[PDB]
Colleague: 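Supplied in structure tokens, the structure appears directly below.
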Amino acid sequence: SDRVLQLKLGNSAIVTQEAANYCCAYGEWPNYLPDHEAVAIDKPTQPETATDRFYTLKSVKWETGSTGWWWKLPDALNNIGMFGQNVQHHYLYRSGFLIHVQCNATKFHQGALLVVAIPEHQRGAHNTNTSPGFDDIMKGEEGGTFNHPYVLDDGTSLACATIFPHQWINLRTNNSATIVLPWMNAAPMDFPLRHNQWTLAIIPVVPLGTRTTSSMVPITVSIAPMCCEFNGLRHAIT
Amino acid sequence: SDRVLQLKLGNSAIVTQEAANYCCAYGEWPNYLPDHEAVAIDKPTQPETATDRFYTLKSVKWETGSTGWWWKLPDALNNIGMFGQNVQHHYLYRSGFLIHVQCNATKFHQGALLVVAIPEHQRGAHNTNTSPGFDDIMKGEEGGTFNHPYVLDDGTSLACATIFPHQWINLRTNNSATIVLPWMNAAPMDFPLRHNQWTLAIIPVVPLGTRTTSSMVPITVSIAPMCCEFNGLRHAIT
Amino acid sequence: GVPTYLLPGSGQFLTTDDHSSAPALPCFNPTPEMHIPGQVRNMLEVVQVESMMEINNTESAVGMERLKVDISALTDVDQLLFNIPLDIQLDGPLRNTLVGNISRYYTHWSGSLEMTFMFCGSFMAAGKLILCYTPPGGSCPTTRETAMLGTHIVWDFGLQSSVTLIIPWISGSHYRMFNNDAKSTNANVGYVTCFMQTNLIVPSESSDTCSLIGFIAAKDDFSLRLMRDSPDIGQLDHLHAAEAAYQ
Amino acid sequence: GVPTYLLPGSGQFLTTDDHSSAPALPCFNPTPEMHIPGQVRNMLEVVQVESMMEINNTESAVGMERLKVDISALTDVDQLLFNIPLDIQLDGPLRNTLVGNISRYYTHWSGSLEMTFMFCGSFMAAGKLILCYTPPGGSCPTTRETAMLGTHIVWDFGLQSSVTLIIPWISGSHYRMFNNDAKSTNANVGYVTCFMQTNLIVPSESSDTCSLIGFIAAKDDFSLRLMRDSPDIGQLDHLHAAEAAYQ
Amino acid sequence: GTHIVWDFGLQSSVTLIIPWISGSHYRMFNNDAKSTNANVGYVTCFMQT
Amino acid sequence: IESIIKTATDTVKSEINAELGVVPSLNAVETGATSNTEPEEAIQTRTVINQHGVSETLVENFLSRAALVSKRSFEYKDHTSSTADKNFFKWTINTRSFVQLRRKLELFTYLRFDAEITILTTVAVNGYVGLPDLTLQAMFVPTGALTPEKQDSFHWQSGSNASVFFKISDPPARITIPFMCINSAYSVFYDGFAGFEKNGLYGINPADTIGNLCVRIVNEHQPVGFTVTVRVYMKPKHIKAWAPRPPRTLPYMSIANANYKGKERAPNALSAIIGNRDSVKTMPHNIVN
Amino acid sequence: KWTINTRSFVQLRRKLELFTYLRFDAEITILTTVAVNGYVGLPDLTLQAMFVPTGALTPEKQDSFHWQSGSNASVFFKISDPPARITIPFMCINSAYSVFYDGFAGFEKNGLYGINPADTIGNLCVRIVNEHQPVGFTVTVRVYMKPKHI
Amino acid sequence: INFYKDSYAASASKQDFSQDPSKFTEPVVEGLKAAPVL
Amino acid sequence: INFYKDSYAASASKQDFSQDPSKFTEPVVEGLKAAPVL
Ligand SMILES: CC(C)Oc1ccc(C(=O)Nc2cccc3c(-c4ccc(CN)s4)ccnc23)cc1
Ligand SMILES: CC(C)Oc1ccc(C(=O)Nc2cccc3c(-c4ccc(CN)s4)ccnc23)cc1
């Protein structure tokens with residue numbers, strides 16, 4: 001049962017043979033906006049399979065000195081495929097996300113990644129009064145690296161980060177993690193270029209180690225937007 | 001339907017072949033004073049067709065430099081026909097009004113008149129602390145001219161004057177305007193020589209223009225008092 | 001007697017409080033009510049009445065001239081004619097309007113706007129205009145094929161003098177704020193632009209230049225919230241004769 | 001009028017009082033409620049979520065390194081691996097945990113704790129551990145055959161990565177206190193100790209050293225009482241830009 | 001495009017379906033491979049990890 | 001048609017149209033009707049169930065908040081040598097002196113309401129001795145009643161005038177005055193003259209005359225002087241309003257009239273109400289990235 | 001003038017920051033205390049607090065006509081009174097306040113990071129209504145907030 | 001709470017939700033259609 | 001005791017004893033068993 005999984009969305013599918021169940025954030029599932037919660041009165045476009053499909057980001061190398069990695073949503077996808085085109089042509093966006101994180105190694109490797117989805121991960125800067133600037137936050141498809149993962153770069157606590165939706169990749173146990181994120185905002189829709197609802201954080205709480213011959217151990221991130229809606233059609237900001 | 005109109009009151013009738021519907025101010029129609037609102041206990045005279053008929057004022061010439069024109073009611077009619085005689089012999093008056101404004105030009109002319117009936121158009125003076133005097137206000141049959149139509153001569157706003165009962169004469173569209181005014185006062189009757197309930201304002205928001213040979217383009221005002229009642233018979237002030 | 005204790009806020013004068021208070025004139029009979037035309041019961045009835053926009057708010061437009069926009073025949077296709085700033089909080093063509101003035105007594109707003117334009121050229125004048133609303137996020141469009149991607153109406157001059165562009169309520173939040181930071185994501189509405197769809201075409205005996213009057217009103221989906229002192233009026237001194245009331 | 005008299009406490013401002021008070025904005029309509037994921041209604045829901053213990057709170061453990069314990073193959077039987085101080089009031093591995101941080105807003109506590117340990121060695125690594133809870137009264141046990149007399153679980157590494165030790169509520173009183181006197185009979189919980197039950201055994205190609213992550217949560221028999229200011233935060237000065245709010 | 005992410009495991013083998021995506025009912029076995037009546041597109045394999 | 005409106009209207013979903021003879025976006029402004037084009041007719045819409053209340057724009061709520069109508073400072077001292085408000089003042093009651101209330105009231109032609117009056121008193125020592133807890137008397141003097149000449153005149157015996165006595169240590173004194181016009185509504189504007197001769201005041205309806213507020217300190221003077229300031233607040237309540245008006249744009253000049261000058265340059269100049277922009281093609285706060 | 005915020009005193013800040021979104025009404029208690037400048041007794045002054053929403057004009061002077069408060073909510077209170085108290089409703093333009101905001105406040109890139117524009121309350125303006133005395137005093141105003149209906 | 005004998009002493013009456021905006025927006029004698037208005 | 005006309009003026013509402021801790025403790029799509037979890 002819990003160990004094998006197939007995810008199919010649009011023209012894309014993923015199989016894993018070493019899942020550890022999967023997380024639905026706060027027990028919710030993505031849905032479209034109902035009429036009794038709607039604000040914008042124009043008829044939304046709902047592209048379905050053109051947007052609601054897995055996009056794969058660039059892989060990152062797991063190293064002995066890694067501090068961990070982060071990507072902000074929708075920012076990381078705002079330039080990718082038909083999701084990106086709808087983002088650029090529309091004032092308002094709403095979606096959930098399906099996050100699938102991939103990392104495999106041999107039975108002689110050890111290491112543990114915390115895979116945590118943080119809502120409203122407002123970052124702090126270290127050792128300054130000046131707030132983080134636009135280019136510190138808006139990393140896009142490449143994402144960022146943690147400066148001080150021990151405090152989640154926000155004066156807080158890695159140890160208590162399990163309060164957020166999460167899984168672990170413990171290389172002994174499993175080689176993938178899956179989190180389903182609902183829409184998570186104070187408004188029913190948002191401008192996708194100035195606010196990120198979710199941050200995916202991948203942090204190596206136990207470092208990668210082995211005594212076999214070393215290999216590159218990549219971590220790969222695949223994200224499917226779910227139930228995408230767009231409102232306020234205009235020219236592309238792009 | 002909406003383009004042609006005939007108005008018949010007493011021995012007088014007006015036809016127009018280019019109306020733009022007509023306005024009933026605040027959706028009311030003129031009526032006589034009912035017993036449950038009456039104050040003065042003497043039996044009123046109700047002259048009917050002797051008073052409730054169109055009186056035509058002197059025409060004004062529309063010019064390139066015109067600021068617009070105004071007439072106060074009942075003041076403009078207080079010396080005309082049997083309406084004027086009843087005004088002069090009676091302490092108290094009440095009526096509605098039917099206002100019909102006339103202006104025609106060729107299909108090569110352009111221009112737009114705002115025709116607005118203002119209740120209690122208390123005028124200001126420009127650039128002085130001294131209030132307007134009697135001869136600034138009481139223009140009679142001739143009416144007055146706007147000094148600063150942009151602020152309606154009362155420190156206010158032509159742009160927001162559409163909050164009052166109004167029509168436009170847009171020379172492309174129509175050549176007459178009609179407004180029906182009910183009795184509009186805080187008291188059920190009034191002394192007609194010291195208070196004006198209504199001011200007719202005609203303001204050329206778009207100026208008269210053409211490249212045909214020029215002609216005199218007059219604006220003509222016809223007003224019918226409606227449901228006239230008079231109380232407190234005495235000698236004529238006259 | 002009844003045992004009692006006073007709470008915080010005892011003895012305060014709150015200007016928005018709502019209590020009964022002692023009648024100074026006992027047994028006074030007010031004047032009977034009389035029917036008066038034009039009773040208003042909600043201020044939203046006033047903002048639904050369309051009123052002229054001051055679109056030509058330019059130097060050398062004086063007084064009444066600021067309430068109209070003059071259009072001429074062009075020799076280049078699809079040219080921009082004018083744009084309208086949609087800021088009700090910052091000074092602009094919408095401020096001195098019935099919807100504008102009443103809304104500036106409030107802080108929060110929601111709902112659709114209508115702009116109506118009346119063509120006031122001669123009967124022989126012809127033309128087509130495109131009026132575009134662009135939702136916020138980028139710069140105001142300067143070309144027709146950019147503005148055409150937004151919400152728009154193509155207006156042909158004819159027997160009906162006037163066209164409406166609806167500005168639909170398109171917003172992430174339930175309300176926007178009348179914020180002095182016009183570029184705030186909680187405040188910016190976007191832009192209205194007018195382009196030639198064809199051209200203004202007139203015969204020799206018509207005037208070569210024609211005017212638009214623009215009007216704005218709220219629709220009945222419109223709502224206002226959080227009352228405030230309007231910045232439209234103020235005084236630095238006592239008014240003339242205000243002192244004489246003490247003399 | 002009604003005869004009345006004021007009681008003691010009339011006019012006081014008690015910060016935990018519970019009265020209605022005058023609405024400053026009459027007829028204001030708040031924004032409609034919208035469903036948001038993750039509503040919390042009792043703080044006990046948060047303390048039931050397991051969070052990492054800082055067991056390796058030693059000098060030369062920096063940052064993330066403090067959240068794991070490294071285990072190696074030994075050549076002596078039944079050796080002690082680590083102990084966990086159970087003081088939530090005094091600084092120790094439990095303080096910066098979800099149960100810890102929320103509990104430090106309160107003075108009294110009752111109920112069972114769970115510690116979960118995840119083994120993060122390679123698949124080829126094998127071993128058995130014994131995890132012991134000792135009820136209070138004496139010193140922390142330093143030998144396995146002493147610790148074995150308390151409450152314990154013997155953990156075999158396998159396909160299931162993680163074991164729970166329950167710390168059951170064993171107390172004379174209904175509640176304990178978060179007391180700075182850790183040796184008080186109203187406060188001391190006792191000890192958790194980990195020993196080798198067998199040995200960590202790994203092949204040459206696995207890493208010779210492996211890590212445990214320890215987690216703690218409350219069970220749903222857990223209760224907190226008497227709210228207090230948490231000693232986890234404080235300020236000696238105004239914050240940066242707090243003054244600028246007056247400028 | 002259309003894809004499957006394959007994790008090696010106890011099940012040895014993965015299927016990629018090439019679905020019939022065509023404007024016409026049929027394609028031709030045409031020696032002009034670049035003809036719009038003939039070209040099917042491409043299959044590519046990349047490292048996911 | 002009259003209806004009970006508690007919330008903003010719902011939006012219904014709409015389809016593509018393309019119907020001959022139907023042109024809901026065309027209008028005729030010349031009729032004087034406002035555009036009836038609905039959003040569902042201009043664009044394709046979704047369904048929106050709209051829960052926004054409209055109660056904060058009720059006319060009762062818009063006007064019924066307390067605003068300053070009168071503010072007078074006077075010397076509380078031995079006045080034998082003064083030439084001045086000698087421990088009392090008289091105020092002729094009006095709503096035209098403070099512009100925030102004035103502009104709101106002048107949005108309407110007729111208003112009927114009762115007036116909740118709050119009297120706030122504050123004291124400062126003249127240039128310290130502590131502040132005396134004085135007793136004040138406010139007395140309402142209707143039309144044709146005699147106003148007090150002195151702090152201690154027998155007019156203050158108030159046999160039939162309404163008086164309120166209040167301490168500085170009290171909460172603000174509060175009373176309600178009924179709607180007291182001799183007409184069914186107050187005339188906020190009056191296009192008329194107050195008397196039967198030609199010299200009467202323009203612009204004030206005689207029917208709306210309230211009277212005088214006379215305020216004294218009841219205490220005899222102390223050996224040292226103080227300055228006492230009285231503030232009067234009025235809240236309209238039980239309001240009816242008729243015939244809404246274009247708002248005031250130019251600064252008020254006088255309490256006696258609507259006279260106007262404008263600011264020296266825009267905003268709110270007589271030549272230009274809105275501040276200028278470089279052209280009708282210039283967007284002043286244009287977003288650029 | 002004070003620009004209203006919850007971030008200045010750390011005990012309340014840390015408790016609020018345990019959550020991502022909060023919806024509540026704010027019970028506000030205003031406590032005033034006075035000391036003589038370096039004795040004459042303490043004056044029983046009247047204070048005016050006025051709430052100035054976004055886009056309303058703030059007072060420039062103790063006696064500016066902004067204090068006439070035609071449409072702003074004001075409370076007048078004495079130092080001898082119990083603390084002044086009022087409730088402010090939940091006033092966000094969203095269904096909840098954003099305690100944290102991973103976003104930027106404006107459509108250009110230079111807007112503030114980390115503050116949701118939707119949660120702007122406004123300004124609290126407090127004056128002494130009394131004219132000055134011949135001698136100086138120091139007046140301290142303390143504002144307390146209690147969330148309710150959370 | 002109102003123990004005064006005069007009804008004008010009462011607190012404000014904020015319950016009148018009747019509107020008729022057509023008396024300002026549509027004072028035309030023949031009603032508009034949803035259809036050429038002229 | 002609440003004589004104010006606005007319901008937000010009322011005292012605090014301390015009566016909501018509904019909990020669902022599983023949305024934080026058990027957000028797994030297939031529920032745990034009391035039984036090997038993997
Ligand atoms: C002494 C005490 C027992 O009685 C009183 C009596 C009156 C006052 C006082 O200032 N009232 C007032 C101050 C300001 C205005 C008014 C109004 C207005 C309604 C419409 C207007 C336009 N013209 S004006 C009516 C009644 N009052 C008013 C204070 C105390
Ligand atoms: C003058 C009198 C009549 O009205 C007032 C009005 C306001 C005040 C005052 O300080 N309120 C307040 C002080 C501190 C915080 C707030 C909040 C917040 C909720 C979430 C926040 C995060 N951003 S902030 C909301 C409303 N208020 C607040 C005092 C008196």
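All values below were derived from every heavy atom in this structure, side-chain atoms included, with hydrogens, water molecules and symmetry-related copies excluded. Lettering follows sequence order; numbering is per chain, from 1. As the structure lists them, so they are numbered: ligands from 1, and atoms in each ligand from 1.
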Colleague: Just need the protein heavy atom nearest to atom 16 (C) of ligand 1, so name the residue and atom and give the distance.
Modeller: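 Nearest neighbour among protein heavy atoms for atom 16 (C) of ligand 1, to 0.1 Å: F/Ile93 CG2, 3.7 Å.
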Colleague: Less than 3.5 Å apart, which donor and acceptor atoms pair up between the side chains of residues 20-30 of chain C and the rest of the protein, not counting sequence neighbours?
Modeller:
from	atom 1	to	atom 2	distance (Å)
C/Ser20	OG	H/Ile1	O	3.0
C/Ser21	OG	F/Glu116	OE1	3.1
C/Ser21	OG	F/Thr176	OG1	2.3

Colleague: For F/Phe189 together with F/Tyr110, are the ring centres under 6.0 Å from each other?
Modeller: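 That pair fails the under 6.0 Å test.
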Colleague: Heavy-atom contacts under 4.0 Å between F/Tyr186 and ligand 1: side chain, backbone, both, or neither?
Modeller: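 The answer is the side chain.
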Colleague: Just jot down the ligand 2 atoms closer than 4.0 angstrom to any heavy atom of G/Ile88, in number order.
Modeller: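 Per the distance check, 6 (C), 7 (C), 8 (C), 11 (N), 26 (C), 27 (N).
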Colleague: Which one holds for F/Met139 and ligand 1: side chain close, backbone close, both close, or neither close, with close meaning a heavy atom under 4.0 Å?
Modeller: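 The part of F/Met139 near ligand 1 is the backbone, not the side chain.
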Colleague: Considering non-hydrogen atoms of the protein only, which is the closest contact for atom 22 (C) of ligand 2, and what is the distance?
Modeller: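 The protein heavy atom lying closest is G/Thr6 OG1, 3.5 Å.
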Colleague: Look at G/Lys146 together with G/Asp25 and state whether they make a salt bridge at an N to O cut-off of under 4.0 Å.
Modeller: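 No, this pair does not count.
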Colleague: G/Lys15: which residues meet the salt bridge (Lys or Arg N to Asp or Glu O under 4.0 Å) condition with it, sequence neighbours left out?
Modeller: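 For G/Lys15, no residue satisfies salt bridge (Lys or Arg N to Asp or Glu O under 4.0 Å) once neighbours in sequence are set aside.
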Colleague: If you have a sec, work out which protein heavy atom is nearest atom 11 (N) of ligand 2 and how many Å separate them, to one decimal?
Modeller: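 Scanning the protein heavy atoms, the shortest distance from atom 11 (N) of ligand 2 goes to G/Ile28 CD1, 3.4 Å.
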Colleague: Using a strict cut-off of 4.0 Å, indicate which atoms of ligand 1 neighbour a heavy atom of F/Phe113.
Modeller: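 Selected atoms, number and element: 19 (C), 20 (C).
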Colleague: Could F/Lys237 and F/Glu60 be called an ion pair, given the rule that one side-chain N must be under 4.0 Å from one carboxylate O?
Modeller: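 Salt bridge between F/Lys237 and F/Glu60, a charged N being under 4.0 Å from a carboxylate O: no.
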Colleague: Distance only, no hydrogens: is a donor on one side chain within 3.5 Å (strictly under) of an acceptor on the other, for F/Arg245 and F/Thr109?
Modeller: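 Distance-only check passes for F/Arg245 and F/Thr109.
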Colleague: Can the ring centroids of F/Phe62 and C/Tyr105 be said to lie less than 6.0 angstrom from one another?
Modeller: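 Between F/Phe62 and C/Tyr105, the centre distance is under 6.0 Å.
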Colleague: Looking at ligand 1, would F/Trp91 count as a contact under a 4.0 Å heavy-atom criterion?
Modeller: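 For ligand 1, residue contact (heavy atoms, under 4.0 Å) with F/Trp91 is present.
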Colleague: Short list, please: which atoms of ligand 2 are under 4.0 Å from a heavy atom of G/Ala73?
Modeller: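 Those of ligand 2 that fall under 4.0 Å from G/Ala73 are 1 (C), 3 (C).
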Colleague: Which residue from G/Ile86, G/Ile121, G/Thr87, D/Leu25 reaches closest to atom 26 (C) of ligand 2 through any of its heavy atoms?
Modeller: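 Closest candidate by heavy-atom distance is G/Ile121.
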